[PDB]
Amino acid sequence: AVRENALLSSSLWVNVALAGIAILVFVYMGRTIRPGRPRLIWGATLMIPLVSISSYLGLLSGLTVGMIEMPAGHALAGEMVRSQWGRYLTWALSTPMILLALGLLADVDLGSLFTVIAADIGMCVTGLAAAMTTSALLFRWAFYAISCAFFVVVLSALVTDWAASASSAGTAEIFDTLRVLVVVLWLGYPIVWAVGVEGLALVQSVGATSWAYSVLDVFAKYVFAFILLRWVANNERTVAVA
């Protein structure tokens, strides 16, 4: 929109640049990747920053940002707030690719991978619903709670059958490392929503709320992808033999 907020603007352009750099680094890193399992995981990995760039373009252009009036009870009840709904929306595409990458690395069951992606999509769409609901504060937090439930379904797989699959696939070392990053970093998103302007609004700055999500993306997406890709490039032997 007619945005003149440098704090807000910078939080978006910064990741267009970092995501672009990521794509180049990854394409390069895959220069000598053997066909099969390795090459595939490499493909799933390149998609992460590509989707991310698309997301930040939507926000920067104003296409996926809108004004939402907060309901009675909210700290900003009666006011219109800038909602970056494009973030929720695009996650529904980026979280599934992150999970496919991990699923392949761990060589998990097809039925398990499918159930997890379904739960992840549900988590993202109910989160969008929480942000878009304007009739009553009760419904906004009800969606947030249901979204949390789907999040638990996704996490349960990472702590159970996916870890067991990685152990039999010979990738337990890298999986355990990535699992910690996923759980810790993913817990950051619902905390930002809750503390930010759309939840409790303990922090009323939209620019600050935006920078919090942008920093998380840097680690949950770009650094995560790099660590995964770097391991695969140096362990094509154990990955391909699966």
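Throughout, we count residues from 1 along the sequence that is shown.
Q: Going by the average Cα B-factor in the PDB entry, point out whether 33-41 or 176-184 comes out higher.
A: The stretch with the larger average C-alpha B-factor is 33-41.
Q. Going by the B-factors listed in the PDB entry, is the mean over the C-alpha atoms higher for 111-119 or for 88-96?
A. The stretch with the larger mean CA B-factor is 111-119.
**Q.** Maximum C-alpha temperature factor, selected from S83, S168, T126, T134
**A.** Out of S83, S168, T126, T134, the record gives the largest C-alpha B-factor to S168.
Q) Which is it among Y56, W211, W193, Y28: the one with the largest CA B-factor in the entry? A) Highest C-alpha B-factor among the listed options: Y28.
(Q) When the deposited Cα B-factors of this chain's modelled residues are ordered and cut into thirds, is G103 in the lowest, the middle or the highest one? (A) Its C-alpha B-factor belongs to the highest third of this chain's values.
Q) Thinking about Cα B factors across the chain, which third does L155 belong to? A) For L155, whose C-alpha B-factor we compare with every modelled residue in the chain, the answer is the middle third.
**Q.** B-factor third for the C-alpha atom of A225 within its chain
**A.** Middle third of the chain for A225's C-alpha B-factor.
Q: Taking the chain's C-alpha temperature factors as the reference, tell me which third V218 falls into: lowest, middle or highest.
A: CA B-factor rank for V218: lowest third.
Q.
Could you place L18 in the lowest, middle or highest third of its chain by Cα temperature factor, using the values in the record?
A. Answer is middle: the recorded C-alpha B-factor places it there.
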